[PDB]
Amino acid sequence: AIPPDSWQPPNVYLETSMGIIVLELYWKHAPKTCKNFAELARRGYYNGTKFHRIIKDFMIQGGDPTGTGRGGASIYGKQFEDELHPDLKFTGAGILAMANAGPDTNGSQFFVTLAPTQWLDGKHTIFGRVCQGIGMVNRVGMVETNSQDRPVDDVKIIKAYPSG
C-alpha cells in the first residue's frame, strides 16, 4: 500500500538510550528512501533496535531488527533502488544514508556519518542529515566496541517516529 507521496513528515526522531537525535529528510532528492525510512519509523519497526556497528570517525549503523547486520526489509516488498545525486556528497558528520549490499539493494538499514566519508559517494543513497543532536552522535561514535565493531554496551533506538 505504501504511504501516499503527499506524506512528507519533515523529521524523524530517534530516541536513543543516549538522547534524542532529530533527523531532517531530503524528500525532493530521495522521495522513495525517505518514505521508506519515515514509514518504518512510524510503524515502530526500529523501536528497541540497536546500532549494531559503530566505527570511530566513520559512522554509526543500525536499522536491523534482528541486530545481526544481515536483516531488515523495506516497505516495498523487495529491496529498492538507489536515489543517487552527484551533488549530494559525504562531506561531513551527521549525514543520513542507506546501508546496502551492492547497487539497488536498499532495505531498512541506515547509517549516520561521524566525519567526511567521500569514498562512499555514489554508492549509498543520502537522504537526510542531523538537524539537532550532533553532539550526541559525536559521543555515540566514541563508544567502546569489540573486534567486530559492535558496541560493548548496547546503544539502543528506544523509539523512532516521524513528525506528527
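When you see a residue number, it is the position in the sequence shown, counting from 1.
Between the stretches 67 to 75 and 81 to 89, it is 67 to 75 that shows the larger average CA temperature factor.
Here 22 to 30 and 47 to 55 are compared by their mean Cα B-factor, and 47 to 55 comes out higher.
The deposited CA B-factor of residue 133 belongs to the highest third of values across its chain. Residue 139: CA B factor lies in the highest third for its chain, per the PDB record. Residue 14: CA B factor lies in the middle third for its chain, per the PDB record.
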